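Student: I am attaching a structure below and will ask some questions about it afterwards.
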Amino acid sequence: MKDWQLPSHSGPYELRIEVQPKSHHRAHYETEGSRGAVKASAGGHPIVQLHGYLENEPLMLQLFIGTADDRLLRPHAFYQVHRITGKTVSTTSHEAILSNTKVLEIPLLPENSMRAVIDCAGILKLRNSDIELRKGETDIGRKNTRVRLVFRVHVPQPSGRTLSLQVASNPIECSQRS
């Protein structure tokens, strides 16, 4: 069983979500207990499964939350919280923070078995028209508040035609008193 010459397939490298639930989230309420969370269906974030690469080597998926009003993705303000509890997931994720810039790095298997579902995190809304090391107190907020989950994996290699896909999608538009 190998790949000597079996011309009967049509699925190149591609990391598409297995399930995409509603795309909304009421991120504006959480001051009762101490730090509750907010997560809609499928723990807010949808499911993720990389399929399209039969390489026998583990790659690092580039997953993080960035804002986007047109296309130039940007680093969210404090949207980097995402602790998992209750259910136990064998997903091996990581958190990298370099000054107001957190990201997620999860090494997945391209040709073996590494399906994972992200539904155990939360967002932190504390805008105040002046994010600074002191405290954000004003009322609710007076600035856009959209978000965009970027799902793209890029492997380092010579032939650009190797493994590189982008999947930035997330219709989360905010508004006044919303």
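To be explicit about the labels: the chains of the structure tokens are called A, B, and onward in the order shown, and within each one the residues are counted from 1, while ligands get numbers from 1 in the order they are shown.
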Among the residues of region 45-119 of chain A, find those DSSP assigns to strand (DSSP E) from the backbone and print them as a VMD selection string.
Tutor: chain A and resid 47 to 48 59 to 67 74 to 75 95 to 97 102 to 108 116 to 117
Student: Report as JSON, numbers by chain all protein, DNA and RNA residues lying within 12 Å of residue 63 (chain A), evaluated on only C-alpha atoms, omitting residues in the same chain fewer than 2 positions from it.
Tutor: {"A": [15, 45, 48, 50, 60, 61, 65, 66, 80, 93, 94, 95, 96, 102, 103, 104, 105, 106, 107, 108, 118, 148, 149, 150, 151, 152, 153, 154, 166, 167, 168]}
Student: Which residue is closest to residue 47 (chain A)? Choose from A:91, A:85, A:128, A:112 and count only C-alpha atoms.
Tutor: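 Smallest separation from residue 47 (chain A) among the options: A:91.
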Student: Have a look at A:140, A:133, A:38, A:54 and name the one nearest to residue 175 (chain A); count only C-alpha atoms.
Tutor: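 Ranked by minimum distance to residue 175 (chain A), first place goes to A:140.
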Student: Using only C-alpha atoms, pick whichever of A:117, A:100, A:4, A:178 has the shortest atom-to-atom distance to residue 132 (chain A).
Tutor: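 Nearest to residue 132 (chain A): A:100.
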Student: Applying 12 Å and only C-alpha atoms, which residues near residue 52 (chain A) remain after dropping the ones on its own chain fewer than 2 positions away? List them as a PyMOL selection string.
Tutor: chain A and resi 9-16+49-50+54-55+109-112+153+162-165
Student: For residue 122 (chain A), which residue out of A:24, A:146, A:51, A:83 is the nearest one, using only C-alpha atoms?
Tutor: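 Looking only at the distances to residue 122 (chain A), the closest residue turns out to be A:83.
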Student: Could you check the closest approach to residue 35 (chain A) for each of A:155, A:130, A:121, A:135 and tell me which residue wins, using only C-alpha atoms?
Tutor: A:121
Student: Let me make sure I understand: among A:169, A:19, A:32, A:43, which one has the smallest atom-to-atom distance to residue 87 (chain A) if we use only C-alpha atoms?
Tutor: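 Between A:169, A:19, A:32, A:43, the residue approaching residue 87 (chain A) most closely is A:43.
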Student: Need the shell around residue 78 (chain A): protein/DNA/RNA residues with any atom at most 10 Å away, counting only C-alpha atoms. Skip same-chain ones fewer than 3 positions apart. Format as a compact mmCIF listing (two decimals) with N, CA, C and O atoms, in the first residue's frame?
Tutor:
```txt
# COMPACT_ATOMS: atom_id res chain seq x y z
N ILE A 65 -6.59 35.13 17.00
CA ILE A 65 -7.78 35.99 16.77
C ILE A 65 -7.32 37.40 16.40
O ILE A 65 -6.62 38.05 17.15
N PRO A 75 -3.83 42.77 15.30
CA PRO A 75 -3.78 42.11 16.62
C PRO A 75 -4.90 42.64 17.52
O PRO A 75 -4.99 43.82 17.79
N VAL A 81 -7.67 35.38 25.66
CA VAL A 81 -7.98 34.37 26.72
C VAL A 81 -8.60 33.15 26.07
O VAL A 81 -9.33 33.25 25.10
N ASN A 100 1.09 42.93 24.29
CA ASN A 100 -0.23 43.18 23.65
C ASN A 100 -0.34 42.41 22.33
O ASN A 100 -0.81 42.93 21.34
N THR A 101 0.08 41.18 22.31
CA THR A 101 -0.01 40.39 21.05
C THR A 101 0.05 38.90 21.36
O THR A 101 1.11 38.29 21.36
N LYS A 102 -1.07 38.29 21.63
CA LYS A 102 -1.08 36.84 21.93
C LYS A 102 -1.44 36.06 20.67
O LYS A 102 -2.12 36.56 19.79
N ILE A 123 -13.69 35.77 25.42
CA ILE A 123 -13.10 37.05 24.93
C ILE A 123 -13.10 38.06 26.07
O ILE A 123 -13.89 37.98 26.99
N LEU A 124 -12.21 39.02 26.04
CA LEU A 124 -12.17 40.03 27.13
C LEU A 124 -12.44 41.42 26.55
O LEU A 124 -11.63 41.98 25.84
N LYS A 125 -13.58 41.98 26.85
CA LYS A 125 -13.90 43.34 26.32
C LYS A 125 -13.63 44.39 27.40
O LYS A 125 -14.32 44.47 28.39
N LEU A 126 -12.62 45.19 27.21
CA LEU A 126 -12.30 46.24 28.22
C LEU A 126 -11.85 47.51 27.51
O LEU A 126 -11.15 48.33 28.07
N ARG A 127 -12.26 47.69 26.28
CA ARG A 127 -11.86 48.91 25.53
C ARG A 127 -12.21 50.15 26.35
O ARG A 127 -12.98 50.09 27.28
N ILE A 131 -6.41 52.31 25.51
CA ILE A 131 -5.87 51.12 26.22
C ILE A 131 -4.50 51.45 26.81
O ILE A 131 -3.56 51.75 26.10
```
Student: Set the distance at 9 Å and use only C-alpha atoms: which residues neighbour residue 25 (chain A) once local chain neighbours fewer than 5 positions away are removed? I'd like the list as a list in words.
Tutor: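 Here the qualifying residues turn out to be residues 38, 39, 40, 44 and 172 of chain A.
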Student: Keeping only N, CA and C atoms, write the selected residues as a compact mmCIF listing (two decimals), in the first residue's frame.
Tutor:
```txt
# COMPACT_ATOMS: atom_id res chain seq x y z
N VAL A 38 -17.64 33.82 27.73
CA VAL A 38 -18.72 33.97 26.75
C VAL A 38 -18.38 33.07 25.56
N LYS A 39 -19.24 32.15 25.23
CA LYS A 39 -18.96 31.24 24.09
C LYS A 39 -20.28 30.70 23.54
N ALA A 40 -20.58 31.04 22.32
CA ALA A 40 -21.85 30.56 21.70
C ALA A 40 -21.75 29.08 21.34
N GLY A 44 -18.24 28.97 20.86
CA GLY A 44 -17.89 30.13 19.99
C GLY A 44 -17.09 29.63 18.78
N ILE A 172 -18.36 38.93 12.57
CA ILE A 172 -18.74 39.40 13.93
C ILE A 172 -18.68 40.93 13.97
```
Student: How far is it from CA of residue 116 (chain A) to CA of residue 27 (chain A), in Å with one decimal?
Tutor: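 Between CA of residue 116 (chain A) and CA of residue 27 (chain A) the gap is 24.2 Å.
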